[PDB]
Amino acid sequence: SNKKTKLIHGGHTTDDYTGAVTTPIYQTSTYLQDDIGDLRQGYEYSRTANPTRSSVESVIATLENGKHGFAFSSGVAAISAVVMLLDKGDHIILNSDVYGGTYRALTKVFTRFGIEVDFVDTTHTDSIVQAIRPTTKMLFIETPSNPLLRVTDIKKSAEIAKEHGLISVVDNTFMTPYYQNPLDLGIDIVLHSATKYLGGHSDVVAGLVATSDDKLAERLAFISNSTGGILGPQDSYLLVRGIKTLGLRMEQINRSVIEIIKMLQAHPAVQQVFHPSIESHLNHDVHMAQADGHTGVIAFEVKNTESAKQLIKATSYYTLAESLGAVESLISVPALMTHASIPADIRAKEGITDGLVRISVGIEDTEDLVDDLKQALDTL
């Protein structure tokens, strides 16, 4: 029924055999057959299918309102499998500010395999229409993107993809299935770095993929079984476990996000703030139309590199680390950590200034997070 209930009771996460209320961890590679070809419960080799992985796959399929779920050893393994749906000579359209790992995979791995790629600004969907070639087969979008949280219209993207015969893919990592369901808006394939919010505890690297399309599912299953980027059973179990508190965590994160943004907008040491909840944010109306909540990732400008480093040093509750979606609040400086290889003037041109700070809001107390960040900003 309601989302917090579906998080607890959706999917198959109990043991039919013993009645165990949690998914057993099938730390196993192979299965007895009673007769050649006769599988007791459909299992025969863990690369092909493992019952704990099947549990997490059923969960992600349920939460995204799809039919089929797939668990990979990482978000970029999920992305790679989805790209391997294409052939040499096929063309992909992606949003221009796609995640660095995705950009790297496409432009340094899959271009060597003849897959052609264009990065366009999808905040205007007619950019997609202009970019479509006769060889285009896939449209891949993240929304909102990293680290400036650009918003793309999912439903229009899906209509465009259907009209031109494209496989549509949404990287729904930042929003999670709790707030945004791309398959409900016509998208063919939805994927996640479960490493972030879904696991939620900074202790699993994993990717999840969901689709309602039987034929795409068969192709993804063949690719998963053939290239073998499968998530193991212990990590699958921890994923199922972390997803149970997804709703509670996301709601706490959202309360803090809203209060933190009020503070940031008021503070004199802060210039621009980037987040889809701000009403002057580009495609704010689109985000509210396609989601019923917010990501916990916020970016905002301070004056320069030394101010950003000072901010990191002065916060007690914001931790300097890579990744997002932890229970801890995390802080980073894109220009030094994710974009340091881009020349400085191009960094500035894209908005990745020296003083651009990205925080990933955790589940600490809202007042503590607001007050800590404010006092650290006061030291500037």
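One rule holds for the numbers: they count along the sequence shown, beginning at 1. For clarity, a rigid core is taken as the largest C-alpha set superposing within 1.5 Å between two forms.
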{"item": "RMS Cα shift after core superposition in 5 other deposited structures of this protein, winner of 48-56 and 65-73", "value": "48-56"}
{"item": "Between 310-318 and 30-38, the one whose CA atoms sit farther away in 5 other deposited structures of this protein (rigid core aligned)", "value": "30-38"}
{"item": "308-316 versus 51-59 - greater average Cα B-factor per the deposited record", "value": "308-316"}
{"item": "Mean temperature factor over C-alpha atoms, higher-scoring stretch between 322-330 and 36-44", "value": "36-44"}
{"item": "Selection from 192, 156, 244, 201 [criterion: highest C-alpha temperature factor in the record]", "value": "156"}
{"item": "Of the residues 149, 82, 250, 289, the one carrying the largest Cα B-factor as recorded", "value": "289"}
{"item": "Entry-reported Cα temperature factor of residue 226, expressed as the chain third it lands in", "value": "middle"}
{"item": "Residue 29 - Cα temperature factor, lowest/middle/highest third of chain", "value": "middle"}
{"item": "Assigned third (lowest, middle, highest) for the C-alpha B factor of residue 255", "value": "lowest"}
{"item": "Residue 374 - Cα temperature factor, lowest/middle/highest third of chain", "value": "highest"}
{"item": "Relative C-alpha B-factor of residue 179, binned into the chain's lowest, middle or highest third", "value": "lowest"}
